[PDB]
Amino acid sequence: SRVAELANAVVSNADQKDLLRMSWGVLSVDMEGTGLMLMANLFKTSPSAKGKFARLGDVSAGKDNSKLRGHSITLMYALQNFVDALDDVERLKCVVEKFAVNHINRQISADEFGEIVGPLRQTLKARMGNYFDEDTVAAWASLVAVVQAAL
């Protein structure tokens, strides 16, 4: 697999790390709200994803759906985990591998997992406003690609 290669490449790329941490500083202000936003956007641009999340019930109901809420919050702590791993290759690798197993068990493939990038962009536009920059999206895409490699 390319997990080791891509994990090493992310940890050694100071440019990208800066963009990840700066934007995470904004995304993490409201963990629940931002998690729910990411998921809302996912379901809007990948309607095929809705069925995969059937355990959650009405995935369009946002904060009024307790299971979607718990899911969306927990998703944001997975991203916090990744962000806190950006200075240690073997740490990043092992947490990526952990979450890959979670997704493998739901038959989520690499390109399926990639469907989060558009949602991340829309969420970054909402959260960054006039300071939005596409280079940050590319930074998140690079991190997402480490997980994709593990799937």
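Numbering starts at 1 and runs along the sequence shown.
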Discussion item. Regarding 111-119 and 25-33, which shows the higher C-alpha temperature factor on average in the entry?
Written reply: 111-119
Practice prompt. Read off the CA B-factors in the entry, average them over 59-67 and over 92-100, and name the higher stretch.
Written response: 59-67
Discussion item. Between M39, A54, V83, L124, which one tops the list for Cα B-factor in this entry?
Written reply: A54
Discussion item. Which third, lowest, middle or highest, does the C-alpha temperature factor of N13 belong to within its own chain?
Written reply: lowest
Discussion item. When the deposited Cα B-factors of this chain's modelled residues are ordered and cut into thirds, is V147 in the lowest, the middle or the highest one?
Written reply: lowest
